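Tertiary structure, described
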Amino acid sequence: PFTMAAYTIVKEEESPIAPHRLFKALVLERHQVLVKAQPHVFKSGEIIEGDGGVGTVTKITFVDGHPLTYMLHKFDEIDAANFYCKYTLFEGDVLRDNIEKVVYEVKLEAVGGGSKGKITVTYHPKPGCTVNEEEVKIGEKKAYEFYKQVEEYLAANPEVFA
Amino acid sequence: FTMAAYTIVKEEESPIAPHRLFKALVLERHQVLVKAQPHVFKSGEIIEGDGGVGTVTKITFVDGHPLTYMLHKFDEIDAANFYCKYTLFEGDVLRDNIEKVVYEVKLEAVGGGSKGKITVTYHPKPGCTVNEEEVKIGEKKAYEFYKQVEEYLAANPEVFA
Amino acid sequence: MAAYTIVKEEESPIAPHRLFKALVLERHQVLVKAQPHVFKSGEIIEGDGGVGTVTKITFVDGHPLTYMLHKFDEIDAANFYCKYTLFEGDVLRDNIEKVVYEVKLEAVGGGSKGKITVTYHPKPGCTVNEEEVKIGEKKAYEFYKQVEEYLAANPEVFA
Amino acid sequence: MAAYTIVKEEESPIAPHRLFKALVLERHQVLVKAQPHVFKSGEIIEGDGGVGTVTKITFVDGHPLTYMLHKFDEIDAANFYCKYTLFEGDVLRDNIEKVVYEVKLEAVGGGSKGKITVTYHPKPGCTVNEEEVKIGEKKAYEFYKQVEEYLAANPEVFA
Amino acid sequence: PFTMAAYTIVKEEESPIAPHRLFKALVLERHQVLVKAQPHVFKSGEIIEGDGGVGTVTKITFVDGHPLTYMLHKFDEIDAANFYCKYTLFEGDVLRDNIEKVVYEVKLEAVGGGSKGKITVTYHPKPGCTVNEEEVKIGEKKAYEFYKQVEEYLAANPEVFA
Amino acid sequence: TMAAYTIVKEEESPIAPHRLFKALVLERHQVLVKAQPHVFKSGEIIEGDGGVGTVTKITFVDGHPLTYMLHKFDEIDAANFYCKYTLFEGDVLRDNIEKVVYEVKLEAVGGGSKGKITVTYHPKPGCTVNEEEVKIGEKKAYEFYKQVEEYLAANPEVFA
Amino acid sequence: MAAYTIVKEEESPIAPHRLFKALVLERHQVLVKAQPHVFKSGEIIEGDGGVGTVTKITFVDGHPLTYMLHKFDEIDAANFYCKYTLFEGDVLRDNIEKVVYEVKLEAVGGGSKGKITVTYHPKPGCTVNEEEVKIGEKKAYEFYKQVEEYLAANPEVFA
Ligand SMILES: O=S(=O)(O)c1cccc2cccc(Nc3ccccc3)c12
Ligand SMILES: O=S(=O)(O)c1cccc2cccc(Nc3ccccc3)c12
Ligand SMILES: O=S(=O)(O)c1cccc2cccc(Nc3ccccc3)c12
Ligand SMILES: O=S(=O)(O)c1cccc2cccc(Nc3ccccc3)c12
Ligand SMILES: O=S(=O)(O)c1cccc2cccc(Nc3ccccc3)c12
Ligand SMILES: O=S(=O)(O)c1cccc2cccc(Nc3ccccc3)c12
Ligand SMILES: O=S(=O)(O)c1cccc2cccc(Nc3ccccc3)c12
Ligand SMILES: O=S(=O)(O)c1cccc2cccc(Nc3ccccc3)c12
Ligand SMILES: O=S(=O)(O)c1cccc2cccc(Nc3ccccc3)c12
Ligand SMILES: O=S(=O)(O)c1cccc2cccc(Nc3ccccc3)c12
Ligand SMILES: O=S(=O)(O)c1cccc2cccc(Nc3ccccc3)c12
Ligand SMILES: O=S(=O)(O)c1cccc2cccc(Nc3ccccc3)c12
Ligand SMILES: O=S(=O)(O)c1cccc2cccc(Nc3ccccc3)c12
Ligand SMILES: O=S(=O)(O)c1cccc2cccc(Nc3ccccc3)c12
Ligand SMILES: O=S(=O)(O)c1cccc2cccc(Nc3ccccc3)c12
Ligand SMILES: O=S(=O)(O)c1cccc2cccc(Nc3ccccc3)c12
Ligand SMILES: O=S(=O)(O)c1cccc2cccc(Nc3ccccc3)c12
Ligand SMILES: O=S(=O)(O)c1cccc2cccc(Nc3ccccc3)c12
Ligand SMILES: O=S(=O)(O)c1cccc2cccc(Nc3ccccc3)c12
Ligand SMILES: O=S(=O)(O)c1cccc2cccc(Nc3ccccc3)c12
Ligand SMILES: O=S(=O)(O)c1cccc2cccc(Nc3ccccc3)c12
Ligand SMILES: O=S(=O)(O)c1cccc2cccc(Nc3ccccc3)c12
Ligand SMILES: O=S(=O)(O)c1cccc2cccc(Nc3ccccc3)c12
Ligand SMILES: O=S(=O)(O)c1cccc2cccc(Nc3ccccc3)c12
Ligand SMILES: O=S(=O)(O)c1cccc2cccc(Nc3ccccc3)c12
Ligand SMILES: O=S(=O)(O)c1cccc2cccc(Nc3ccccc3)c12
Ligand SMILES: O=S(=O)(O)c1cccc2cccc(Nc3ccccc3)c12
Ligand SMILES: O=S(=O)(O)c1cccc2cccc(Nc3ccccc3)c12
Ligand SMILES: O=S(=O)(O)c1cccc2cccc(Nc3ccccc3)c12
Ligand SMILES: O=S(=O)(O)c1cccc2cccc(Nc3ccccc3)c12
């Protein structure tokens, strides 16, 4: 068949945060950060397999009250210096029933005393599924509010990764 | 036909990030030179421009110091992309044989750090020759001062952030 | 807003400079050699094969379709990398504002592999079909097939 | 290391796209059009005609010089911007490694103004014959005035 | 009882010739092309163990009168998809008494109509020997000459190994 | 035409790779001090989290002839127990040495390991490489490895 | 979590070299020779002829099936060992993910022995059929005997 039936989103945003600051906080140490940022949803942040760099995979344990339980992510392609990333989740009740995997691709660029981000995120539908075209704002929505939050903390304390 | 200038093209790496060097070693290079070297630098201030392109700073040296002051104007500033074109265009730092020294700076973010490429051009007055030293001693200073700035910034992460 | 994208993972015996030239750099003039039964003419309207160059491709008189202009956004031929815009043209229906292709081939032994990221965009306050998307793919996929056959049997072409 | 640089401002009655096309884009070719007693051929050997493009300029057999090579670093035929480099040939000799040219034109009336920057890059621990400078400046300024005269007199060319 | 110091040469080069033809010419089907380009020099060249792939042992014949006689090359590693090879010259009179082995690590890239390349050549001495920088420059010039002949021949005939 | 000198070595050990690869690659900068607190004062990563591009700095003891040396992980593949790290800065190079490249490939063998290691000596343009440097360097690196081996054999929890 | 394995010990008076060259290496070419009224062609599309090679098998004008896709996984002609996958064709009949034939011949006297282990894999949600696999062994076994006797007749065949 015309086998190409997948769902991807790409946005760009502007923040007064040196890239290195958002990369560390939203990619390199996201597992650690989501917890400190939304302590009420995340109980633990840790690496299961890896010593940093590519090939390292994350475990994100929710508080024992949250509908969800954990996220599995792994480090695919990392180009440190330019702030480029490809990672994805490959197991955890967070799937919500409409994906085989979720590949997150991000690349940032220094922009004044802040940054520019190009985010490629692909929600992979599965056989006999019609990936929720209404479930789009939501998956995104968790990451944005968490972005807006990491920001403020990062804006408030510049020495944290600068 | 046209008089040749002596050009300095420099490639530099730092652990310090781009908005911070560019802050220190360009716009507030005159102000930071005082904070940076109070045994040589009496005062740094802007005498033309509110801080925008075509701005003219004025740098004066402690009295007993041979040199008196320096004037640089900002040809153009792409602050967004950390580019500046600036020229040293007055003072006895120039002696007689130099008409103007042009500085061209552009940085790039590289991880936690920064890469910086910088040109400097020495325009010799009509007929006179290029004071090779002028450049060497000009190079030594602008840098030695950078190196001082880097240890200070590394040591102080809340400055220019 | 809407973001319904395709993701190709094609691979063929043709060397990548041969396809990068045949399907990216010189597509417009190649579309007429291959399907002289659909296309009358393919040429740049301004530009230097760099970025900001614009091609126009005219369909035969009889054809319901009239024309399309392509504008290169960014290139890097030595790497067989291109992102190109289909902004104006008859074929461009109401629901669609543009379609965007992103090319990056690589060498594989005496041939190549390539991942494509076509991106059919809608016009303010209008929705994107599957049919529409499904046809673009068939057109382009069929074009290459017809071309692969040709670069295969005439190896000097763009070699 | 010590580089010798010539920056200057020039002014022409000739339209800024014609002058650029003639003295940047098609230079390798127009060099041969305006001085057939010096150059026998002018061509591209690497690229389409965009950044990274490499030209070969060959002198007539009887000329002492043999050929020279140039590469484009950046073009932006949109805003008349180019940076190219002379990185091979006997005009370079042993002292000089390469010569980099930055041109930036713009329209003033039916004509133009420009800023050219030539910088002769001497090999490690070598000197640049301040003369090598004065010779380049000359050869080019002459060429530019020849062409300007043809173009003034032949208004349809590159128009 | 320290190891024998082996002499390593690292070269980077370029050809407008495409890398599949150049790998074929200068790696895969070398033993035969040596014979096409310099017949005044080489009599024959063959496969006498292996299927082209890894483990292959090639034997190349000098002309009768040539002061050199024979050489066996063994293919240590072959990844023909990525233009990457590693093979060994171990058997032959070209090997001065003072030389145990010459190992070649080749890796080409694609650049437009042609290629970019990195070649590693290490000459391994025999027990308690001084590699004569003589022989080093010797083969090295030989094989670059060869590089230049072939390149010129290919640029001439675009189908060969196309 | 300007050469470099390379020592190619194949090794065996009763320690398992993953353990060896952590002792003698990643945390080599640290352990060196553990192993030889009389030669080294510290071992630290200036730049990186541990990945391609990561650089480390190792400091010698006050009395020792040397001062420092930093290494660059040009390539890593902890999954395959392969690495490529270069010594590019330090007194240890004299004036003669441009850089030293370390290429390691370890391989599980029963409860043990076999390691394939190359060490390439690249000289400063125009300068030579004197075996003196490369006999003294192989030996140092290897003595260290035998100390480590002992310790980890007698300490099964360490880098388990 | 299912798969139909089948281990058969066989013995023959043909030396293991020829047997390896006739029911493994050149089979596909040999099937048309012995059973021509059943076959058209055996060839390669993307294979060296050694480890990692592929083959394809075409019957005659009407035969139900069309062609068989056999890869090569692990070869060692020296020790007359071979694995060859069968993942495409229409003999898979919607049940067969693949069929993995695994051979290993050894010289005995002037003849040979053989441990043959065919295999039939199931695509998730497919029935691991009973008598179908029974035709597998039948086809092959029967050929072997035709071949076996042929190599007796013409002994110089395949040295
Ligand atoms: O710690 S917290 O103040 O809770 C914290 C709270 C909220 C947002 C944060 C964002 C980035 C880094 C933090 N700290 C951090 C701490 C340890 C390692 C890395 C980052 C943030
Ligand atoms: O987006 S994340 O930034 O990882 C994220 C950030 C912050 C809180 C989150 C809570 C639940 C699920 C996530 N992921 C998720 C993913 C897809 C759909 C719905 C939720 C959360
Ligand atoms: O917020 S989102 O784009 O949704 C976002 C979504 C998912 C992953 C992200 C990773 C880094 C930065 C983001 N945002 C960002 C925003 C402004 C400036 C810089 C980075 C990410
Ligand atoms: O960013 S937040 O408001 O935090 C936010 C939190 C949670 C879900 C969101 C979904 C869409 C847009 C948001 N931002 C937004 C901001 C301003 C106006 C409209 C939407 C969402
Ligand atoms: O202006 S800077 O290089 O910033 C500079 C920075 C710091 C200290 C300096 C001392 C003397 C002269 C300078 N300039 C100079 C310029 C041209 C010729 C000779 C000296 C110094
Ligand atoms: O475009 S092709 O599909 O190969 C093609 C298809 C059909 C007919 C063609 C006739 C001539 C040249 C072609 N190609 C060609 C391409 C580039 C340069 C010169 C000729 C033809
Ligand atoms: O428009 S063209 O007809 O080619 C053209 C014609 C004549 C002179 C030109 C000079 C500069 C750029 C052009 N074009 C261009 C177009 C698009 C992008 C960049 C440059 C010129
Ligand atoms: O393939 S499509 O055009 O999508 C197509 C879609 C639906 C029905 C079609 C019927 C005939 C020919 C087609 N193609 C065609 C294309 C170009 C010229 C002439 C006919 C049809
Ligand atoms: O530009 S291509 O798709 O490559 C293309 C290639 C070959 C033939 C085509 C014929 C008609 C329309 C196209 N574009 C088109 C685009 C979107 C939807 C439907 C048709 C054709
Ligand atoms: O046209 S159809 O067969 O309707 C078609 C149907 C379904 C999927 C297709 C995918 C690609 C190309 C098509 N056409 C095609 C035509 C000729 C050669 C190669 C592909 C597809
Ligand atoms: O795949 S196609 O469907 O023809 C295709 C469809 C749409 C756009 C394409 C652009 C470039 C190359 C293609 N093909 C390609 C084929 C083989 C290798 C590399 C690229 C494109
Ligand atoms: O005169 S040239 O200035 O070289 C010249 C300059 C610029 C553009 C030209 C275009 C056509 C012919 C020329 N010359 C020419 C010369 C001899 C015979 C025919 C044409 C052009
Ligand atoms: O070089 S050429 O010989 O035109 C060439 C010929 C044929 C196919 C090519 C494909 C890509 C790039 C080229 N050149 C190129 C050169 C420099 C920069 C970018 C592309 C190709
Ligand atoms: O090679 S020439 O074409 O003359 C030449 C061409 C252009 C620039 C030159 C600059 C210096 C010396 C040359 N030659 C030279 C020749 C003899 C004696 C001294 C200098 C130059
Ligand atoms: O450039 S030179 O002749 O070498 C030169 C050298 C010294 C002084 C000159 C004064 C005017 C014109 C020149 N040249 C000139 C050359 C060609 C045409 C017209 C004038 C002068
Ligand atoms: O390419 S041009 O300068 O414009 C050039 C233009 C016209 C005629 C020239 C004759 C000789 C050398 C050139 N180049 C040259 C370059 C460097 C030094 C000396 C001469 C000539
Ligand atoms: O002739 S020169 O300036 O020497 C010259 C030297 C080298 C490259 C040039 C390219 C374009 C125009 C020139 N002249 C020019 C003159 C007037 C207006 C704009 C450009 C060039
Ligand atoms: O003993 S030796 O006789 O020199 C000797 C003789 C022959 C082979 C040897 C190999 C390794 C180490 C030795 N000696 C050694 C001595 C002291 C400490 C460490 C190693 C060897
Ligand atoms: O043509 S030859 O004259 O033997 C020849 C001459 C010189 C260099 C050659 C290099 C590679 C292949 C050849 N021949 C070749 C011929 C047919 C197919 C493949 C390679 C070369
Ligand atoms: O290098 S080869 O490419 O095989 C080679 C290629 C072409 C001609 C050769 C002639 C003599 C010796 C070789 N090899 C050789 C090797 C090592 C040391 C000395 C000579 C020749
Ligand atoms: O000529 S050499 O570099 O010596 C060379 C020496 C020995 C083996 C070689 C194998 C392939 C290509 C070469 N050269 C090459 C040159 C430029 C680009 C790609 C490959 C080989
Ligand atoms: O090898 S040759 O075969 O004479 C040769 C042939 C063809 C082109 C050459 C270009 C540059 C240098 C050569 N020789 C060369 C010789 C020694 C050192 C560096 C280059 C070239
Ligand atoms: O530091 S440990 O982590 O145990 C350690 C880890 C790995 C290897 C070690 C080798 C020698 C000594 C250690 N410790 C040691 C401690 C005190 C005095 C002397 C040696 C080693
Ligand atoms: O400390 S050592 O380990 O020997 C040492 C090892 C490796 C490299 C050295 C370089 C310079 C001096 C050292 N010390 C030195 C001591 C005496 C004579 C010569 C050099 C070096
Ligand atoms: O760095 S290591 O080999 O790990 C090393 C480990 C342990 C002790 C060392 C003492 C001196 C020099 C080293 N390096 C060295 C490097 C090159 C030449 C000579 C000595 C030492
Ligand atoms: O020759 S034939 O008589 O066609 C022949 C006919 C019928 C069955 C055969 C079976 C195996 C080999 C043959 N011959 C063969 C000949 C040469 C090479 C390989 C196989 C068979
Ligand atoms: O069998 S024979 O026919 O004599 C025979 C035929 C062909 C080749 C033979 C090779 C070795 C031994 C035989 N004798 C032998 C004896 C007992 C068992 C197996 C082989 C050979
Ligand atoms: O077994 S094969 O050796 O390929 C085979 C060998 C000889 C003749 C065959 C005829 C038909 C089908 C086959 N394969 C087949 C396989 C499984 C089930 C049914 C038929 C034949
Ligand atoms: O068992 S058969 O059914 O012919 C058979 C069926 C399918 C594949 C076979 C592959 C090799 C050898 C066979 N037979 C064989 C027979 C005697 C000795 C050695 C091998 C194969
Ligand atoms: O296909 S059968 O119809 O069964 C068959 C029936 C009668 C005679 C046969 C002779 C050889 C092979 C067969 N194949 C074969 C395969 C396995 C076991 C027994 C025979 C023969």
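This deposited entry lists X-ray crystallography as its structure determination method and 2.3000 Å as its resolution.

Right, let's get into the UniProt feature "domain: Bet v I/Major latex protein" (unreviewed entry) in chain B. With numbering aligned to this structure, UniProt lists the feature "domain: Bet v I/Major latex protein" (unreviewed entry) at residues 5-155 of chain B. Between the first and last C-alpha atoms of residues 5-155 of chain B the distance is 38 Å; the span itself is 28% helix and 44% strand.

Attention now goes to the UniProt feature "domain: Bet v I/Major latex protein" (unreviewed entry) in chain C. Taken from the UniProt record, the annotation "domain: Bet v I/Major latex protein" (unreviewed entry) applies to residues 3-153 of chain C. The span residues 3-153 of chain C is 27% helix and 42% strand, and its two end C-alpha atoms sit 39 Å from each other.

Turning our eyes to something else, we now look at the packing of aromatic side chains. Inspection of every chain in the model, using the stated rule, returns 35 aromatic pairs over all chains. Each ring, one from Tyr84(C) and one from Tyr101(C), has its centre 4.9 Å from the other, and the planes form 15°; the classification is stacked. Of this pair, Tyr84(C) sits in strand β6 (residues 81-89) while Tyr101(C) sits in strand β7 (residues 96-108), placing them 17 residues apart in sequence. Assessed through its relative accessible area of 5%, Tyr84(C) is described here as buried. Judged by centre distance (5.7 Å) and plane angle (65°), the ring pair of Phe23(E) and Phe83(E) falls under edge-to-face. Remark: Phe83(E) occurs in the loop between β4 (70-79) and β5 (84-92) and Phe23(E) occurs in helix α1 (residues 19-28); sequence separation between them is 60 residues. Residues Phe23(E) and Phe83(E) agree in their burial class; the two are buried. Of the aromatic side chains, those joined through ring pairs into one cluster are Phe74(B), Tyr86(B) and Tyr103(B).

Another aspect to go through is the site of ligand 10. For ligand 10, the full set of nearby residues is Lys138(C), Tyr141(C) and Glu142(C). Out of a free accessible area of 430 Å², ligand 10 has 44% covered by protein chains.

Across the boundary between the two partners, chain C contributes 9 residues, which contact 8 residues of chain A. Grouping the amino acids of the side of chain C that touches chain A by side-chain chemistry returns 4 nonpolar, 1 polar and 4 charged.

Let us look at the pattern of salt bridges. Scanning all chains against the criterion turns up 28 salt bridges over all chains. In this structure, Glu12(B) and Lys10(B) form a salt bridge, with 2.6 Å as the shortest nitrogen-oxygen distance. Since its relative accessible area comes to 21%, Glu12(B) is described here as partly exposed. Note that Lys86(E) is salt-bridged to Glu105(E), the shortest N-O span being 3.9 Å. With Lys86(E) in strand β5 and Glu105(E) in strand β6 (residues 99-111), the pair connects residues that are 19 residues apart, well separated along the chain.

Moving on to the arrangement of the chains. Separated in space, chain C and chain F share no contact, their closest pair of C-alpha atoms being 22 Å apart. Separating chain D from chain G is a minimum C-alpha gap of 33 Å, and the two share no contact.

All right, on to the environment of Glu148(G) then. Residues and elements named next belong to chain G. Looking at where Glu148 falls in the secondary structure, it is placed in helix α3 (residues 133-153). Each C-alpha atom of the pair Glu148 and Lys33 lies 13 Å from the other, and the pair is 115 residues apart in sequence. With residues up to four places along the chain from it excluded, the contact list for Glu148 reads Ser12, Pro13 and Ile14. Looking at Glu148, its side chain comes within polar contact range of the side chain of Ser12, at 3.1 Å.

Counting from both sides, the interface comprises 13 residues of chain B and, opposite them, 12 residues of chain A. Each partner contributes to the roughly 910 Å² buried at the junction of chain B and chain A, and carbon and sulfur atoms together form 68% of this total. The interface formed by chain B and chain A holds 0 salt bridges in total. At the junction of chain B and chain A, the tally comes to 2 residue pairs in polar contact. Listed by contribution, the elements that provide at least two residues to the side of chain B that touches chain A are α1 (18-27) and β6 (98-110) of chain B. Here the side of chain B that touches chain A is built from residues that sort into 8 nonpolar, 3 polar and 2 charged.

All names here are of chain A. Packing of helix α2 (residues 30-37) against helix α3 (residues 136-156) leaves a shortest axis separation of 10 Å and a crossing angle of 80°. Considering their axes alone, α2 and α3 lie roughly perpendicular with respect to each other. Contacts between α2 and α3 pair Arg30, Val33, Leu34 and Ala37 from the former with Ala143, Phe146, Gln149 and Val150 from the latter.

With that settled, the discussion passes to the side chain of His122(F). Residue and element names in this part refer to chain F. Here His122 lies in strand β7 (residues 112-123). In this structure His122 comes out as buried when scored by relative accessible area, which is 16%. Ignoring anything within four residues of it in the chain, the contact list for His122 reads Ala4, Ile97, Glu98, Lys99 and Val101.

This brings us to the site of ligand 28. Residue and element names in this part refer to chain G. Every residue near ligand 28 is listed here: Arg27, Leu31, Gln35, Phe39, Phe59, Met68, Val91, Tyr101, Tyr120, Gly136, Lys139 and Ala140. At a separation of 2.6 Å, an oxygen atom of ligand 28 approaches a polar side-chain atom of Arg27. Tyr101 is positioned such that a nitrogen or oxygen atom in its side chain is 2.8 Å from an oxygen atom of ligand 28. A total of 440 Å² of accessible area belongs to ligand 28 in isolation, and the protein chains cover 90% of it. Among the elements of the structure, α2 (27-34) and α3 are those that each provide at least two residues to the shell around ligand 28. Examining the composition of the shell around ligand 28, we find that 3 residues originate from one element, α3, more than from any other. Of the residues belonging to the shell around ligand 28, the class tally is 8 nonpolar, 2 polar and 2 charged.

All names here are of chain G. Ordered by their spatial adjacency, 4 strands build an open sheet running β2-β3-β4-β6, and the pairing between neighbours is antiparallel. Of all strands in the sheet, those with a lone pairing partner are β2 (41-43) and β6 (88-89), marking the two edges. Here β2 runs beside strand β3 (residues 55-58); their pairing, made up of 3 bridges, is antiparallel. Opposite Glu43, over in β3, you have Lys56 as the bridge partner. Packed onto the sheet, α2 meets β2 and β3 and runs at close to 170° relative to β2.

Residues and elements named next belong to chain D. As defined by bridge partners, strand β5 (residues 81-89) adjoins strand β6 (residues 96-108) across 6 bridges and the pair is classed as antiparallel. Bridge assignment links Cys82 to a residue of β6, and that residue is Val103. Linking β5 to β6, which pair antiparallel, is a turn of 6 residues; within it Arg93 sits at a positive phi near 65°. Looking at chain direction, β6 and strand β7 (residues 111-122) are connected through 10 bridges and run antiparallel. Within the sheet, the bridge partner assigned to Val99 lies in β7 and is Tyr120. In sequence, β6 turns back onto β7 through a hairpin of 2 residues, with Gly109 there showing a positive phi of about 85°.

This brings us to the sheet that holds strand β6 (residues 102-110) of chain A. Residues and elements named next belong to chain A. Taken together, 7 strands build an open sheet; the order of strands is β1-β7-β6-β5-β4-β3-β2 and the sheet is antiparallel. The open sheet is flanked by β1 (7-15) and β2 (42-49), the only strands paired with a single partner. Mean inter-strand twist for the sheet, computed between neighbouring axes without regard to direction, equals 20°. Note that strand β4 (residues 70-79) and strand β5 (residues 84-91) share 7 bridges and pair antiparallel. Along β5, the bridge assignment pairs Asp79 with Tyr84. Against the sheet, α2 touches β2, β3 (57-62) and β5, its axis set at about 175° to β2. Contacts from α3 reach β1 and β7 (115-123) within the one sheet, and its direction differs from that of β1 by about 20°.

Here is what the cut-offs are and how they apply
- Along every chain, residue numbers run from 1 in sequence order, not necessarily as the entry numbers them; residues that have no coordinates are omitted.
- Here every chain gets a letter starting at A, and every ligand a number starting at 1, in the order they are written.
- Note that these chains sit within a larger assembly, yet all values were taken from the shown part only.
- Calculation of side-chain values draws on the structure's entire complement of heavy atoms; hydrogens and water are dropped beforehand.
- Residues with missing side-chain atoms are left out of burial classes, side-chain pairs and their counts.
- UniProt positions are given in the numbering used here, feature names are shortened, and annotations may be inferred rather than shown by experiment.
- Per the convention used, a helix needs a DSSP run of H or I reaching at least four residues, while a strand needs a run of E reaching at least two, with both numbered from the N terminus.
- Put simply, two rings from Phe, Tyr or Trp (the six-membered ring, in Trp's case) pair if the centres are within 6.5 Å, and we call them stacked under 30 degrees between planes, edge-to-face over 60, tilted for the rest.
- Classification of residues uses two cut-offs on accessible area relative to the type maximum, computed with a 1.4 Å probe and protein chains only: under 20% is buried, over 50% is exposed, and between them is partly exposed.
- Nearness is defined per residue: one heavy atom within 4 Å of the molecule or strand is enough.
- All accessibility values rest on the Shrake-Rupley procedure with a 1.4 Å probe; residue burial counts only the protein chains present in the view.
- Every residue pair with non-hydrogen atoms within 4.5 Å of one another is taken to be in contact.
- Residues were grouped as follows: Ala, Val, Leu, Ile, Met, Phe, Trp, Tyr, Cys and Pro as nonpolar; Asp, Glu, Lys and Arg as charged; and all remaining residues, including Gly, as polar.
- Take a side-chain nitrogen of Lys or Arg and a carboxyl oxygen of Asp or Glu: if they are within 4 Å of each other, that pair is a salt bridge.
- Within 3.5 Å is the distance limit for a polar contact, defined as a pair of N or O atoms, with the added protein rule that one can donate a hydrogen and the other accept it, and that residues adjacent in sequence qualify only through two side-chain atoms.
- Once two parts are put together, the accessible area they lose, assessed with a 1.4 Å probe and summed over both, is termed the buried area.
- Here an angle of 0 to 180 degrees is reported between the N-to-C directions of two axes, which are lines fitted to C-alpha atoms, with helices fitted over the stretch in contact.
- Throughout this description, any angle smaller than 35 degrees is read as roughly parallel, any larger than 145 degrees as roughly antiparallel, any in the 65 to 115 degree range as roughly perpendicular, and the remainder as oblique.
- Here a strand pair is declared whenever DSSP counts at least two bridges between the two strands.

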